[PDB]
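Q: Structure in C-alpha cells, see below.
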Amino acid sequence: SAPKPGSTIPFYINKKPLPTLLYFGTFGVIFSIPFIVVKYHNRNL
Amino acid sequence: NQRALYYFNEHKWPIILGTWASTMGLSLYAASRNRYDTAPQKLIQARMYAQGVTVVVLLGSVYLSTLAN
Amino acid sequence: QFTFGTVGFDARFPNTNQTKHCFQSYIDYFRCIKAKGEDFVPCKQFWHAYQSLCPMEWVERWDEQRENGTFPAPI
Amino acid sequence: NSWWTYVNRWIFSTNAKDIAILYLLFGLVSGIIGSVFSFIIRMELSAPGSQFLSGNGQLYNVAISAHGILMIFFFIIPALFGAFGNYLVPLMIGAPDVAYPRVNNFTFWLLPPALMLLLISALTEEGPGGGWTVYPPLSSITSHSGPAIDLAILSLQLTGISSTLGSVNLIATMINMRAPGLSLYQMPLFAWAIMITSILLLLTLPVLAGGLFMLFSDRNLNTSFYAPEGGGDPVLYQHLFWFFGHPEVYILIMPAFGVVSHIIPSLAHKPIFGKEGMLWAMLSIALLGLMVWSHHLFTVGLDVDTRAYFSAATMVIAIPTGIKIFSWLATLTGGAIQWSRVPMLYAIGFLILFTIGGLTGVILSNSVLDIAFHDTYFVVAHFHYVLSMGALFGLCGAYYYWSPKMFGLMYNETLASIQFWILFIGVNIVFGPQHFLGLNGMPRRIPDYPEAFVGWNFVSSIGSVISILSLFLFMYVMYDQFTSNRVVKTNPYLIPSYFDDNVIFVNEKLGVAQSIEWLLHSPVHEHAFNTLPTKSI
Amino acid sequence: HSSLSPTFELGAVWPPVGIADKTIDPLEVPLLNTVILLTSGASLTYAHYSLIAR
Amino acid sequence: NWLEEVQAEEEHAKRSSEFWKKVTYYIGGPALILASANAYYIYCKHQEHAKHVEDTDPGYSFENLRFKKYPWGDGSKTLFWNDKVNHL
Amino acid sequence: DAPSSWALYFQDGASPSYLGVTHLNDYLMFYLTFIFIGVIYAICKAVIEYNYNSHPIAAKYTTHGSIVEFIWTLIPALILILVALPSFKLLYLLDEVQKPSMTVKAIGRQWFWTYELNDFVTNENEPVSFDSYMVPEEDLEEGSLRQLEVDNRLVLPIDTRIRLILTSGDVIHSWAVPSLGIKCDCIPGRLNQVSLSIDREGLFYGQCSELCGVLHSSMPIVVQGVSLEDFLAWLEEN
Amino acid sequence: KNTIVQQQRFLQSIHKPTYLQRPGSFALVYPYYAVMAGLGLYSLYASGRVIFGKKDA
Ligand code: HEA
Ligand code: HEA
Ligand SMILES: CCCCCCCCCCCCCCCC(=O)OC[C@H](COP(=O)(O)OCCN)OC(=O)CCCCCCCCCCCCCCC
Ligand SMILES: CCCCCCCCCCCCCCCC(=O)OC[C@H](COP(=O)(O)OCCN)OC(=O)CCCCCCCCCCCCCCC
Ligand SMILES: CCCCCCCCCCCCCCCC(=O)OC[C@H](COP(=O)(O)OCCN)OC(=O)CCCCCCCCCCCCCCC
Ligand code: CUA
Ligand SMILES: [Ca+2]
Ligand SMILES: [Mg+2]
C-alpha cells in the first residue's frame with residue numbers, strides 16, 4: 001500500500017453549513033463545564 | 001596495642017566504607033584486564049567479591065563487638 | 001514589683017530551632033529535684049527555663065502522661 | 001466499511017504521527033477548562049467581599065487547586081514535552097519510528113482516565129483543598145472526610161508514572177537510532193534539550209512517586225510518617241516535594257528554549273551563534289538545577305549555614321541563561337529579520353517577558369529578601385510571568401511554526417497576528433498590577449483582601465476578560481485553518497537568496513532545508529526514511 | 001531523615017524507649033536468609049556460565 | 001575461522017562452569033548449613049514465650065493509631081494479626 | 001504601616017531589620033533596572049532597523065565568539081558578586097542574638113490567635129493570656145478598617161527587644177508583619193525562635209500567609225507599641 | 001519433538017495480525033470484551049453513587 005496523503009488529518013469530517021453548530025456546541029459545553037461544577041457545590045445551600 | 005583496636009572498632013561505618021571502596025577499586029582494576037570477560041560480567045564478579053568480603057567483615061565485627069568492657 | 005529576667009543566651013543551642021530545649025529543661029529539672037533536695041535555690045531558675053519559652057499547654061499533657069508513668073525518660 | 005479502518009487508524013494505531021495530534025487535542029481540551037477556571041477565580045477577586053458566591057472559601061480553594069493542578073500537569077507538560085517530541089524527534093535523528101511503539105501508544109491513554117477521575121474528585125462534597133502543593137496535616141482525615149483528595153493524589157501518581165513511561169522510549173530512540181554519521185555532539189539543539197528534560201524528569205519523578213504514596217498512606221493505614229505527635233516532620237515532606245518542584249519548571253521550559261532556538265534561525269536566515277557554547281551552558285543549567293531545592297523553604301526556619309549554602313547557589317543559575325539571551329540577541333542582529341511572521345512575533349515577544357521574569361526570580365532568591373515576599377502575590381507574579389510567558393508562548397510558536405507539517409494547511413496571518421497582539425496585551429496587563437499588590441505586603445490565596453487593594457484587582461480583571469477573547473479568536477483561527485483547504489509546499493520557509501535567478505532557483509534549488517522535516521512533503525508519509533540518510537563522516 | 005534527627009518526644013534516641021529492646025537482633029533468621037540469597041546468586045551465576053558453555 | 005573462536009569460547013565457558021560448580025558445592029553448602037544450625041540454636045534457645053506484658057507504662061501514646069477504620073474485618077484487625085505476638 | 005490606595009512603594013514602617021531590607025532592595029533594584037532597560041532597548045533596536053525591506057543581505061558568516069563570550073561570562077558574574085556581598089553581610093549581621101530581655105508566645109489553632117506572656121510569673125500565679133479574634137463587619141467601630149482589626153489586641157512595649165516564640169498545635173500557620181519584616185512558620189510540634197524591636201510607638205498590622213483551610217483569611221494580627229508606664233498599667237490591669 | 005519449525009511454517013502462512021495469528025485466540029477476547037463492558041457499566045453506577053452522597057440500605 002502506497003497512498004498519498006491529501007493533507008487532511010482532522011480526526012472528523014469538516015465542512016461549512018452543518019458541522020459548525022456541532023463544533024461550536026462542543027466548544028460551548030467544554031467551556032461551560034466549570035459553571036455546573038461551581039453550581040454543584042452550592043446546590044443545597 | 002590495646003589502643004589501635006579501640007579506634008578500629010570505634011568507627012565501624014567509616015572504615016567499612018573505606019574498605020568497601022578499596023575492594024571495589026582493586027577488583028575493578030584486576031578483573032578489567034581479560035579478553036573473554038565483558039564489562040557487566042567483570043562488574044558482577046567484583047560485586048560478588050565485595051559481597052563476600054562484606055559478609056566476612058560483618059561476621060568479624062559482630063564477633064569482636066562483644067568486647068565492651 | 002517586676003523585673004525583666006528570663007532565659008538567657010542558651011550556649012547549648014544558638015540556632016533558630018530550639019524545640020529540644022523545653023524537653024531538656026524538663027528532664028534536667030526532674031533529675032535536679034530527684035537528687036539534692038527540694039527547697040534548694042539553684043534549680044528554681046531552671047523551673048523558669050521551661051515555662052517562659054514553652055507553650056505551657058503541652059505541659060498539661062506531659063503531666064497527664066507522666067502521672068500514670070508512661071513518660072519515656074530515664075528520670 | 002471504514003469504521004474498522006477508522007478505529008484502526010486512530011485507536012489501534014501506534015504510528016507517532018497519529019498520536020501527537022491527539023496529544024495537542026487533549027492539551028487543548030484541558031487548557032480551555034483551566035482558562036475558564038482561572039477566569040472565574042479572577043472574577044471572584046474583582047472587588048472586596050463575597051462576590052457571585054456565598055463566601056464559600058472551600059469552593060475557592062477547590063477552584064484554585066483545580067486550576068493549578070490541571071494547567072500544570074494536563075496543559076503544558078503533555079502538550080509540549082512529548083507532543084512536539086514524539087512527532088519530530090524521529091525526523092531529526094534519522095529514524096522511521098520510535099524505539100518502542102507499544103509503550104508510546106500506552107502512555108497517551110493513561111491521561112483521559114486521569115482527567116475523568118480528577119473531575120470526579122473535584123465533584124465531591126468537599127474536594128481537594130490543599131492547593132497545588134497539598135500538605136499532610138491539612139490533607140489529614142481531620143480536615144477532609146471523603147474520597148476527595150485521595151483521587152487527586154492518585155491522579156498525580158498515575159500521571160507522573162505515565163510521563164516517566166512516556167520518556168523511557170524517547171531516550172533510547174535518540175541514543176541508538178541515530179543517523180549514520182550523526183555524532184551525538186552534532187545533534188540539533190531541540191533534541192538536545194528534549195533529551196535533557198527526559199533524563200531530568202525520569203531521574204526526579206520516582207522520588208515524587210514514593211513520597212506521594214507514603215504521604216497518602218497516612219490517611220488509610222494511620223502511619224506516623226508526618227504526624228506531629230507520631231514523630232513525623234512535615235519539613236521532610238517539603239524537602240521531598242521541592243526536590244521535584246524546583247527542576248520541574250526547568251524541564252517544562254527547556255522545550256521552549258529549543259523551539260525558540262529553532263524558530264530564530266530559519267525565520268532569520270542566519271545560523272545560530274555559538275551552538276557548542278549554548279549547549280554546554282544548557283548542560284550546566286541542567287546539572288545545576290538539582291542541588292538547589294530549599295529556596296522554597298526560606299522562611300520555614302532552617303539553620304544559618306544551610307540557608308547561606310542554598311541561597312548563594314541560587315544566583316549562579318542566572319549566568320548561563322543570560323549568556324543564552326545574549327547569544328540570541330547577537331543572532332538576531334546582522335541577519336535578515338521577517339518581523340511580520342507570527343512565529344517570529346512570538347519568538348521576539350518571548351525574550352523580553354522571559355528576561356523580566358528572570359529578573360523577578362533573582363529578586364527573591366535571598367533569605368534576607370524572601371522574608372518580605374514569601375507566600376505573597378510577588379512570587380505569584382514572578383512564577384506566572386515566567387510560566388505563562390515562556391511555556392505558553394513557546395507552545396503557541398511551535399504550533400504556528402510546525403502546523404503545516406502536522407496537517408498540511410495554512411492559517412490566516414491577519415487573525416493570528418491580531419490574536420497574538422491581544423493575548424500579549426492582556427497577559428501584560430494581567431500580571432502587571434499584581435507586582436504592586438505583592439510589593440505592598442499582601443498575601444496570596446485569599447478570596448478576601450483589605451479594602452486598600454481594589455484598584456489593581458480592577459485593573460487585572462479587564463485583562464483577564466481580554467484573555468478570553470484571545471482564546472475565542474484562537475479557536476476561530478484553528479477551525480478556519482482546519483477547514484480552509486489552503487495548500488502548502490514542501491518547504492514553505494525557504495526563499496531565494498539575493499542572487500538566485502527566478503528560473504535557476506525553481507529548477508536547480510528546490511528540496512533544500514536546514515533540517516530534515518522540511519525535506520519531506522508537509523503531510524508526511526506513514527513509512528519515511530526507507531534508507532538511512534548518510535552525512536559526511 | 002527520620003533517624004538522624006529524632007523528635008523530642010522520642011527520648012533523644014532513634015531506637016524508641018521500651019521498643020529498643022524489642023528490635024531485631026543482627027544475628028537471627030534474616031542473616032540466614034541473606035546467606036541463602038548470596039548462595040542463590042552464586043548458583044544462578046554458575047547456571048548462567050554453564051548455559052554459556054552450551 | 002569460526003571453529004577456533006567458538007571452541008576457545010566454549011572451553012573458557014566450560015572451565016568457568018566447572019569452577020562455579022566447585023564454588024557452589026564446596027563453600028556455599030558448608031556456610032548454609034552452619035548458618036542454619038546457628039539459626040536453629042537461636043530459635044530453640046528462646047522458647048519461653050511470656051509474650052503478654054501490660055501495666056508497665058502501657059501504650060506509650062503512639063501505638064495502634066486508628067484514624068480511618070481498617071478495611072479487613074470489623075476494623076480492629078490487621079492482615080497478619082496474631083493472637084500471641086500482637087496485643088493491645 | 002497600613003496599606004494605602006494605588007500604592008507603588010512598600011510602606012512606611014519602623015524596625016531595625018526593615019530599614020536594612022529596604023536599603024538592600026533599593027540597591028538590588030538599581031542593579032536590575034539597568035539590565036532590564038538595556039535588554040529591552042537591544043531587542044527593540046536590533047529589529048526595528050534590521051527589517052527585511054531595509055536589510056536584504058544577511059552577514060551569515062559570523063558564528064564564532066572570540067572575546068565576547070568571555071566578557072559575557074565575567075561582567076554579569078561581577079554584578080552577581082556585587083549584589084551577593086551586601087546581602088551576605090546583612091544576613092551574617094541578622095543571624096546573631098542580642099541580649100535577651102523577655103519572650104512572647106504566639107500559639108494559634110484555627111482562625112484565632114492566642115498570646116501568652118509567662119515571663120512575669122510571680123507569687124500572684126496569674127499568667128496573662130488571651131485570644132485575638134476577627135472583629136465582625138457589622139460591629140466595626142465607626143471609621144474602622146475592614147478585615148484588619150482584632151478585639152483583644154496584642155501589646156508590646158517600645159524600644160524593648162523581645163525574643164518571640166512561635167508555635168502551633170494544628171495545621172501549619174505563619175506569623176507575618178510587613179512593617180517589622182519578621183516572619184516565620186507556625187510549624188506544629190516545633191517552636192520557632194524570632195526576635196523583634198520597635199522604634200516608634202504605633203499600631204502595626206499583619207496576618208498569616210500559609211493557607212490553613214477555608215478561613216485562612218480570617219486571622220489578622222495587630223501589635224502596637226506602648227510606653228513603659230502604659231505597659232506597666234496594662235500589665236497590672238490583668 | 002522440536003515442532004517449533006513446523007509450527008512456525010504453519011503459522012507464517014496467514015496474514016492475520018499477530019494478536020490473532022494463533023488459532024483459538026479469538027475465543028479468549030470476545031467474552032473478555034463483554035466482561036470489560038460489564039465492568040464499565042457497573043463502574044458508571046459505582047462512580048455515580050460515590051459522587052452523590054448516599055449509601056444503599
Ligand atoms: C517556569 C519556570 C521558572 C523559571 C525559569 C524560574 C526561574 C527562577 N526562579 Fe522561580 N519559580 C517558579 C518557576 C520558575 N522559576 C515557580 C512555579 C515558582 C513557585 C513554586 C510554587 O510555589 O509552586 C517559583 C518560585 C521561586 C522561588 C520561591 C519564592 C517563594 O515562594 O518564597 C524562588 C526563590 O529563590 C525562585 C527563584 C528562581 C530563580 C533564581 C530563577 C532563575 O532561573 C532566573 C534566572 C534568569 C535571569 C536572572 C534572567 C537572565 C539573566 C541575565 C540577563 C544575566 C544578568 C542578570 C543579573 C546580573 C541581574 N523561584
Ligand atoms: C502552567 C502554568 C500556569 C499557567 C499557564 C497559568 C495561567 C494563569 N493563571 Fe495560574 N497558577 C499556576 C500556574 C499557571 N497559571 C500555579 C502553580 C498556581 C498556584 C496554585 C496554588 O496556589 O495552589 C496558580 C494560581 C493562580 C492564581 C492564584 C489565586 C490567588 O492566589 O488568589 C491566580 C490568580 O490570579 C492565577 C491566574 C492565572 C491566569 C490569569 C492565567 C492565564 O489566564 C494567563 C493567560 C493565559 C491564557 C488565557 C491561556 C492561553 C491559552 C491558549 C491561547 C490556548 C493554546 C492551546 C493550545 C494550542 C494547545 N493562577
Ligand atoms: C514510575 C515507577 C513505577 C515502576 C516503573 C515500571 C512502570 C510499569 C512497568 C512498565 C514497563 C517499564 C519498561 C519495561 C521495559 C520495556 O520497555 O518493556 C518493553 C515493553 C515496551 O517496549 P517494546 O515491547 O515495544 O520493545 C520492542 C521489543 N523489541 O514494555 C511494555 O510493554 C510494558 C507492559 C505494559 C505495562 C503497562 C502498565 C503499567 C502498570 C503500572 C502499574 C503497576 C505499577 C504500580 C506502581 C505503584
Ligand atoms: C550587563 C551589560 C554589560 C555589557 C558589558 C559587555 C561589554 C563587552 C561586550 C561587547 C563585545 C562584543 C562587541 C563586538 C566587538 C568585535 O569587534 O568583535 C569582532 C566581531 C567582528 O566580526 P568577525 O568576528 O567576523 O571579525 C573577523 C576578524 N577577521 O564582532 C562581531 O562579530 C559581533 C557579532 C556578535 C555580537 C553581537 C552583539 C549583540 C549584543 C551583545 C550584548 C549586548 C549588551 C546589552 C546590554 C548592555
Ligand atoms: C497496587 C499496588 C499496591 C501495593 C503497592 C506496594 C508498594 C510497596 C511499598 C508500599 C508499602 C506497602 C506495605 C503494606 C503491605 C501490608 O500488608 O501492610 C500491612 C497490613 C497488615 O500488616 P500487620 O499490621 O499485620 O503487620 C504486623 C504483623 N504482626 O496489611 C495491609 O494493610 C493490607 C493493605 C496493604 C496494601 C497491600 C495490598 C494493596 C491492595 C490495595 C491497593 C492499593 C492501591 C493504592 C493506589 C494505587
Ligand atoms: Cu492561618 Cu493560613
Ligand atoms: Ca471577592
Ligand atoms: Mg511559606
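Chain labels run A, B, ... following the order of the C-alpha cells; each chain numbers its residues from 1, and ligands are numbered from 1 in the order shown.
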7 Å from ligand 7 is the threshold here; counting only C-alpha atoms and all ligand atoms, which polymer residues fall inside it? Answer as a PyMOL selection string.

A: chain D and resi 44-51+447-448

Q: Let's have the selection written as a tab-separated table (two decimals), in the first residue's frame, with C-alpha atoms.

A:
chain	number	residue	atom	x	y	z
D	44	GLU	CA	-14.19	36.49	42.22
D	45	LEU	CA	-11.48	38.93	43.40
D	46	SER	CA	-12.67	41.84	41.24
D	47	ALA	CA	-13.88	43.72	44.33
D	48	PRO	CA	-13.53	43.12	48.08
D	49	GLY	CA	-16.04	40.92	49.86
D	50	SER	CA	-18.01	37.85	48.85
D	51	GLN	CA	-18.86	38.25	45.18
D	447	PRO	CA	-10.59	35.25	48.48
D	448	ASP	CA	-10.95	38.41	50.61

Q: Which residues of chain D are close to chain G, meaning at most 6 Å apart when you count only C-alpha atoms, and how do they look as a ChimeraX atom specification?

A: /D:57-58,137-138,228,270,273-274,299-300,333-338,375,439-441,443,446,450,452

Q: Got a sec to pull out which chain H residues are within 10 Å of chain D, counting only C-alpha atoms, and send them as number ranges by chain?

A: H: 47-48, 50-53

Q: Using only C-alpha atoms, determine which residues lie at most 7 Å from residue 49 in chain E, disregarding the query and same-chain residues fewer than 4 positions distant; provide the list as a compact mmCIF listing (two decimals) with C-alpha atoms, in the first residue's frame.

A:
# COMPACT_ATOMS: atom_id res chain seq x y z
CA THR E 45 25.82 -17.25 38.08
CA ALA E 53 29.10 -23.37 27.88
CA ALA F 13 32.85 -21.13 29.50
CA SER F 16 34.26 -21.30 34.42
CA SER F 17 31.19 -23.53 34.80

Q: So which residues of chain C fall under alpha helix (DSSP H) by DSSP, listed as a PyMOL selection string?

A: chain C and resi 20-34+42-48+58-67

Q: Please produce a file of those selected residues containing N, CA, C and O atoms, as a short mmCIF file (atom, residue, chain, number, x, y, z; two decimals), in the first residue's frame.

A:
data_model
loop_
_atom_site.label_atom_id
_atom_site.label_comp_id
_atom_site.auth_asym_id
_atom_site.auth_seq_id
_atom_site.Cartn_x
_atom_site.Cartn_y
_atom_site.Cartn_z
N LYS C 20 14.08 21.13 71.28
CA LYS C 20 14.60 20.20 72.26
C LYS C 20 14.89 20.86 73.60
O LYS C 20 15.04 20.16 74.61
N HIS C 21 14.98 22.20 73.63
CA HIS C 21 15.32 22.90 74.86
C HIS C 21 14.26 22.69 75.94
O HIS C 21 14.60 22.52 77.12
N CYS C 22 12.98 22.70 75.56
CA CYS C 22 11.91 22.51 76.53
C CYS C 22 12.02 21.15 77.21
O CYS C 22 11.97 21.04 78.44
N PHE C 23 12.17 20.09 76.41
CA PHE C 23 12.29 18.74 76.96
C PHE C 23 13.56 18.60 77.79
O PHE C 23 13.55 17.95 78.85
N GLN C 24 14.67 19.18 77.33
CA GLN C 24 15.91 19.10 78.08
C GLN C 24 15.78 19.78 79.43
O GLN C 24 16.22 19.24 80.45
N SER C 25 15.17 20.97 79.46
CA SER C 25 14.97 21.66 80.73
C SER C 25 14.04 20.88 81.64
O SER C 25 14.27 20.80 82.85
N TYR C 26 12.98 20.28 81.08
CA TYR C 26 12.05 19.49 81.88
C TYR C 26 12.77 18.31 82.55
O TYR C 26 12.67 18.12 83.77
N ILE C 27 13.51 17.53 81.76
CA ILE C 27 14.16 16.35 82.30
C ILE C 27 15.28 16.74 83.26
O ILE C 27 15.51 16.08 84.28
N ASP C 28 16.00 17.83 82.96
CA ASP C 28 17.06 18.29 83.85
C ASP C 28 16.49 18.76 85.18
O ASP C 28 17.07 18.49 86.23
N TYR C 29 15.36 19.47 85.16
CA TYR C 29 14.72 19.89 86.40
C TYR C 29 14.24 18.69 87.21
O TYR C 29 14.37 18.66 88.44
N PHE C 30 13.68 17.68 86.53
CA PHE C 30 13.23 16.49 87.25
C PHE C 30 14.40 15.75 87.89
O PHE C 30 14.32 15.31 89.04
N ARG C 31 15.51 15.61 87.15
CA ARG C 31 16.70 14.99 87.72
C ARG C 31 17.26 15.81 88.87
O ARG C 31 17.71 15.25 89.88
N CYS C 32 17.23 17.13 88.74
CA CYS C 32 17.74 18.02 89.78
C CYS C 32 16.93 17.90 91.06
O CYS C 32 17.49 17.86 92.16
N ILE C 33 15.60 17.85 90.94
CA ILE C 33 14.77 17.76 92.14
C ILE C 33 14.78 16.36 92.72
O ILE C 33 14.57 16.18 93.92
N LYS C 34 15.02 15.34 91.88
CA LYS C 34 15.11 13.98 92.41
C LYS C 34 16.28 13.84 93.37
O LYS C 34 16.15 13.23 94.44
N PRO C 42 19.16 26.70 93.50
CA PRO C 42 19.63 26.85 92.10
C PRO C 42 18.65 26.42 91.02
O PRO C 42 18.56 27.10 89.99
N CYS C 43 17.91 25.33 91.20
CA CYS C 43 17.05 24.86 90.12
C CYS C 43 15.70 25.56 90.08
O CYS C 43 14.89 25.27 89.18
N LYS C 44 15.43 26.49 91.00
CA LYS C 44 14.28 27.37 90.81
C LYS C 44 14.44 28.21 89.55
O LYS C 44 13.44 28.55 88.90
N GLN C 45 15.68 28.57 89.19
CA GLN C 45 15.92 29.23 87.92
C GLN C 45 15.72 28.28 86.75
O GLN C 45 15.30 28.71 85.66
N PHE C 46 16.01 26.99 86.94
CA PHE C 46 15.73 26.00 85.90
C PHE C 46 14.23 25.82 85.70
O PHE C 46 13.79 25.45 84.61
N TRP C 47 13.45 26.04 86.76
CA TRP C 47 12.00 25.97 86.62
C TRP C 47 11.49 26.99 85.60
O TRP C 47 10.61 26.69 84.79
N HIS C 48 12.04 28.21 85.64
CA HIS C 48 11.68 29.23 84.65
C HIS C 48 12.12 28.85 83.25
O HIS C 48 11.61 29.42 82.28
N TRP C 58 1.31 22.15 76.30
CA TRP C 58 1.82 20.79 76.26
C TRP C 58 2.22 20.29 77.64
O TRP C 58 2.35 19.08 77.84
N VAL C 59 2.42 21.21 78.60
CA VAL C 59 2.79 20.81 79.95
C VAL C 59 1.67 20.03 80.61
O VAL C 59 1.91 19.09 81.38
N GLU C 60 0.41 20.39 80.33
CA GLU C 60 -0.72 19.66 80.89
C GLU C 60 -0.74 18.22 80.40
O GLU C 60 -0.92 17.28 81.19
N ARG C 61 -0.55 18.02 79.10
CA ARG C 61 -0.50 16.66 78.57
C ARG C 61 0.73 15.91 79.06
O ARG C 61 0.68 14.70 79.27
N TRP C 62 1.85 16.62 79.25
CA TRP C 62 3.04 16.00 79.83
C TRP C 62 2.75 15.49 81.24
O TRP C 62 3.16 14.39 81.60
N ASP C 63 2.06 16.30 82.04
CA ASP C 63 1.67 15.88 83.38
C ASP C 63 0.74 14.68 83.32
O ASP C 63 0.88 13.73 84.11
N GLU C 64 -0.22 14.70 82.40
CA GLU C 64 -1.15 13.57 82.26
C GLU C 64 -0.40 12.29 81.91
O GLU C 64 -0.69 11.22 82.47
N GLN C 65 0.56 12.37 80.99
CA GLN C 65 1.31 11.18 80.59
C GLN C 65 2.24 10.71 81.71
O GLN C 65 2.40 9.50 81.92
N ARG C 66 2.86 11.64 82.43
CA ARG C 66 3.84 11.27 83.45
C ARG C 66 3.19 10.76 84.73
O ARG C 66 3.79 9.96 85.45
N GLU C 67 1.97 11.21 85.04
CA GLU C 67 1.31 10.78 86.26
C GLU C 67 1.07 9.28 86.27
O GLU C 67 1.30 8.61 87.28
#

Q: May I have the residues within 12 Å of residue 26 in chain E as a PDB file with N, CA and C atoms, in the first residue's frame, using only C-alpha atoms and disregarding those fewer than 6 positions away in the same chain?

A:
ATOM      1  N   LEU B  58      31.477  -8.389  58.317  1.00  0.00           N
ATOM      2  CA  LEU B  58      30.328  -8.267  59.209  1.00  0.00           C
ATOM      3  C   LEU B  58      30.390  -9.304  60.321  1.00  0.00           C
ATOM      4  N   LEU B  59      30.693 -10.557  59.970  1.00  0.00           N
ATOM      5  CA  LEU B  59      30.812 -11.587  60.997  1.00  0.00           C
ATOM      6  C   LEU B  59      31.969 -11.280  61.942  1.00  0.00           C
ATOM      7  N   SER B  61      33.189  -8.272  62.704  1.00  0.00           N
ATOM      8  CA  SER B  61      32.827  -7.129  63.533  1.00  0.00           C
ATOM      9  C   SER B  61      31.834  -7.523  64.618  1.00  0.00           C
ATOM     10  N   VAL B  62      30.827  -8.330  64.276  1.00  0.00           N
ATOM     11  CA  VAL B  62      29.870  -8.750  65.294  1.00  0.00           C
ATOM     12  C   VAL B  62      30.525  -9.713  66.278  1.00  0.00           C
ATOM     13  N   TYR B  63      31.595 -10.396  65.863  1.00  0.00           N
ATOM     14  CA  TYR B  63      32.339 -11.236  66.795  1.00  0.00           C
ATOM     15  C   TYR B  63      33.148 -10.394  67.774  1.00  0.00           C
ATOM     16  N   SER B  65      32.598  -7.252  68.590  1.00  0.00           N
ATOM     17  CA  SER B  65      31.802  -6.260  69.302  1.00  0.00           C
ATOM     18  C   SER B  65      31.450  -6.678  70.724  1.00  0.00           C
TER      19      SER B  65
ATOM     20  N   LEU E  32      20.483 -15.673  58.104  1.00  0.00           N
ATOM     21  CA  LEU E  32      20.412 -16.912  57.338  1.00  0.00           C
ATOM     22  C   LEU E  32      19.794 -16.668  55.967  1.00  0.00           C
ATOM     23  N   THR E  34      19.902 -13.876  54.266  1.00  0.00           N
ATOM     24  CA  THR E  34      20.897 -13.169  53.462  1.00  0.00           C
ATOM     25  C   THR E  34      21.939 -14.129  52.899  1.00  0.00           C
TER      26      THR E  34
ATOM     27  N   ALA F  39      21.009 -20.628  63.372  1.00  0.00           N
ATOM     28  CA  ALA F  39      19.654 -20.096  63.431  1.00  0.00           C
ATOM     29  C   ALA F  39      18.738 -21.007  64.233  1.00  0.00           C
ATOM     30  N   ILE F  42      19.496 -20.455  67.910  1.00  0.00           N
ATOM     31  CA  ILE F  42      18.919 -19.205  68.397  1.00  0.00           C
ATOM     32  C   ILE F  42      17.405 -19.327  68.532  1.00  0.00           C
TER      33      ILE F  42
END

Q: Need the shell around residue 325 in chain D: protein/DNA/RNA residues with any atom at most 9 Å away, counting only C-alpha atoms. Skip same-chain ones fewer than 5 positions apart. Format as a list in words?

A: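 Final neighbour list, sorted by chain and number: residues 320, 330, 351 and 355 of chain D.
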
Q: Kindly provide, as a ChimeraX atom specification, the residues of chain D having any atom no farther than 9 Å from an atom of chain E, counting only C-alpha atoms.

A: /D:225,229-233,236

Q: Point out the residue among F:82, F:10, F:87, F:19 with the least atom-to-atom distance to ligand 5, counting only C-alpha atoms and all ligand atoms.

A: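 Closest candidate: F:82.
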
Q: Give as a short mmCIF file (atom, residue, chain, number, x, y, z; two decimals) with N, CA and C atoms, in the first residue's frame the residues surrounding ligand 3 up to a distance of 6 Å, considering only C-alpha atoms and all ligand atoms.

A:
data_model
loop_
_atom_site.label_atom_id
_atom_site.label_comp_id
_atom_site.auth_asym_id
_atom_site.auth_seq_id
_atom_site.Cartn_x
_atom_site.Cartn_y
_atom_site.Cartn_z
N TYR D 100 10.08 1.94 20.94
CA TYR D 100 9.02 1.06 21.43
C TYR D 100 7.66 1.65 21.07
N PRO D 101 7.05 1.24 19.96
CA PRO D 101 5.75 1.81 19.59
C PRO D 101 4.64 1.51 20.58
N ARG D 102 4.65 0.33 21.21
CA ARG D 102 3.54 -0.05 22.08
C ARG D 102 3.50 0.81 23.34
N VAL D 103 4.66 1.08 23.94
CA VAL D 103 4.68 1.96 25.11
C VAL D 103 4.31 3.38 24.73
N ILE D 161 3.77 8.61 36.66
CA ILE D 161 4.33 7.34 36.18
C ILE D 161 4.12 7.21 34.67
N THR D 164 6.83 9.35 33.08
CA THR D 164 8.08 8.61 33.15
C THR D 164 8.11 7.48 32.12
N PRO D 206 10.41 9.55 40.16
CA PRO D 206 10.29 8.46 41.14
C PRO D 206 10.25 8.90 42.60
#

Q: How far is it from CA of residue 63 in chain F to CA of residue 222 in chain D, in Å with one decimal?

A: 10.4 Å

Q: I need the chain C residues near chain F as a list in words; criterion: at most 8 Å, counting only C-alpha atoms.

A: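 The contacting residues on chain C are residues 68, 69, 70, 71 and 72 of chain C.
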
Q: What would the file look like if the residues just selected were written as a compact mmCIF listing (two decimals), in the first residue's frame with C-alpha atoms?

A:
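Dumped everything to again.txt:
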# COMPACT_ATOMS: atom_id res chain seq x y z
CA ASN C 68 0.44 7.29 85.02
CA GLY C 69 4.15 6.65 84.45
CA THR C 70 4.17 6.13 80.67
CA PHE C 71 6.51 9.11 80.23
CA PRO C 72 9.52 7.80 78.23
